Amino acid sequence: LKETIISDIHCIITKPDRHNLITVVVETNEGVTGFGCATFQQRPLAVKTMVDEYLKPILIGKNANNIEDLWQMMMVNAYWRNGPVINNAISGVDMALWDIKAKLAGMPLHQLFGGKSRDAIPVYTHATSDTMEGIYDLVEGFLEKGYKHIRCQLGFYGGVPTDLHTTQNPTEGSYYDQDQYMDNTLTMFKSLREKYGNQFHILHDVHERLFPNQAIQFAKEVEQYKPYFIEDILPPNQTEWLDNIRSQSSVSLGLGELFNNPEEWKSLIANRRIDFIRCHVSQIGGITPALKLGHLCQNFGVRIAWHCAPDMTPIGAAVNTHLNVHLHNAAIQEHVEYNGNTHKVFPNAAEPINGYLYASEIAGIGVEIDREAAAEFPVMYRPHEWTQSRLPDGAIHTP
């Protein structure tokens, strides 16, 4: 191996399905090209500005081989640090550098790490509908495909305030009622267990919809249905309340897709407050920190379920599968089938087979972006009205 000099950096935003996806491309003098995921779907222009105007100038000319040095350097380069815009931009670079390294090594990404500790990673997918029969329809399709884990949600939560006990002139927003949401969810679980028994593991995402007193009540009530995990039962700033849950419920908990600061997860993990870490890999700054966090979780007996919803490139998905077949404490990979457009922008994107995702076996990450093809689906402004989530009295709640 000789020095590998960075020659150019690109940042591409594309929207082949419903979400703005962000890819970073790192070119080298040596003609070895790396690809990485930088997807912060809600603010893609801010991530692209970050890469183009700020990371590019500090990276051109540097030796790509020293990923660790470059990561440490990038993370503190703006002085102020740790956030979703900065970390996503860095992730795109970090993943691309790992891609370049694996290509130079002539190895699949996970082989650099130390290779496999499992044959493939199990997958769970999403069944959400306003009717139980909609859920049943989705569930039965997934079971036919060999899925053994399904995240189920009954009802949609966020609409006009008129349906609720609201005030005389409600502030504009996406309204919901926490009690209605909990009641529907418990009914859903009961119905699913009566209908399917233990045919599949049921997951559910509380999505920080609750106050702490509601969260603990919900944990106790849902316990009997033995969810594989209940996800984001609290927002990231009230996880200290997990202690009271852990002292009286055996419910399995996943949390962390929101994290972009180590102080959000350090005490959480050291105190065993969760069972599955859920971080979005690009939010914490890429592969480099994901390995370390995986190892931290291993020490404390916490398993890994990285956030892998559709708001991420198939490049990012492939990276997570490499991480997932390598880290011994990886548990499961979230997945939603890719549409035709996405498959076209990112060739060779793996889909699950009989409920398992297999890591790519060519050199590198295994998935790149077709640039000229990404341009057909340009960045789209989206209001994301659901993030203006309000309770009946009109107050914002964490969405």
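Start at 1 with the first residue shown and count on from there.
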| property | result |
| --- | --- |
| Mean Cα B-factor comparison, 291-299 or 178-186, giving the higher one as deposited | 178-186 |
| Comparing 155-163 with 271-279, the one whose average Cα B-factor in the PDB entry is higher | 155-163 |
| Residue selected from 247, 324, 260, 88 by maximal Cα B factor | 247 |
| Largest Cα B-factor, entry values, listed residues 133, 231, 99, 119 | 133 |
| For residue 23, the third of its chain into which the C-alpha B factor falls | lowest |
| Relative C-alpha B-factor of residue 53, binned into the chain's lowest, middle or highest third | middle |
| Third of chain Cα B-factors occupied by residue 334 | middle |
| Record-listed C-alpha B factor of residue 239: chain third | lowest |
| Residue 256 CA temperature factor, ranked by third within the chain | lowest |
